[PDB]
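Just one chain is shown here, as structure tokens, and it is the form deposited in one PDB entry.
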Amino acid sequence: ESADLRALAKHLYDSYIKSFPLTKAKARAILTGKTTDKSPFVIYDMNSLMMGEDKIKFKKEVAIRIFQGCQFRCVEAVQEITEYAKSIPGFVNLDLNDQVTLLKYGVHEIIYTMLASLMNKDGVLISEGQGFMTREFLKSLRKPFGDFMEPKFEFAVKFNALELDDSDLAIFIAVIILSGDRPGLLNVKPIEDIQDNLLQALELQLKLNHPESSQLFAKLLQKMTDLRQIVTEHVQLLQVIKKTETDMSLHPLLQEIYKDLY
């Protein structure tokens, strides 16, 4: 009943807060300026990028360096998402081969979902909200890097319109991970049994937490089908980038994921 679905929504929220250091809550505070913390270092060109090495973690050319930065962080995201998934009741009880497959396909969908939390039409928060890299700066990069992040901005503008909060996103993300239709699953039934349960939890959350916004649930499920198309575009631009660029190596964990994908 309602109770069991509120308890799930709560369990998932608590787990989301632990798994993800920078929530949408903190992210919005920073972007509006309503924080009592220092405004983040604005990176708008090669000069400001250079001056802003003192706030980022890179551990040879600009576009490539930015991509190595985005690559480092993107690996920490997979680890955060992986620990979150382990908290989704019954996810661990699944076939370990299924757990891998769900994550393999799910993480990019969830990375673009949670990127939108850090985005506005002008730019994206980086290095745990203490940097802000502008959209125009990322467009102005030389191709193929020129329009690598642009489709994420386009999505985030539309997605942020739904004004979802952390408690909504916690469940939305769980629903994306438990997609019983990922290529190469072995035991679909117990995946769908959990997603079914998560979708009720999500629907109830959206009624309680946005009782003026009607069929936000419907709108949100339409967006979930956009992400796939959007993630395929991304996978192929990366496919291209792997080939055309000789110098830069791709991180092992990313290679695990992207190999045998679409």
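Residue positions are given as counts along the sequence shown, with the first one as 1.
Another form exists, deposited with a small molecule bound; not displayed. Remarks below refer to it.
Although the partner is absent here, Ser179 sits far enough away that none of its heavy atoms falls within 4.5 Å of the small molecule in the deposited bound form. Although the partner is absent here, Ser127 is a contact residue: one of its heavy atoms lies within 4.5 angstroms of the small molecule in the deposited bound form. Under a 4.5 angstroms non-hydrogen atom cutoff, the small molecule in the deposited bound form lacks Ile191 among its neighbouring residues. Within this chain, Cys70 lines the site of the small molecule in the deposited bound form, having a heavy atom no more than 4.5 Å away.
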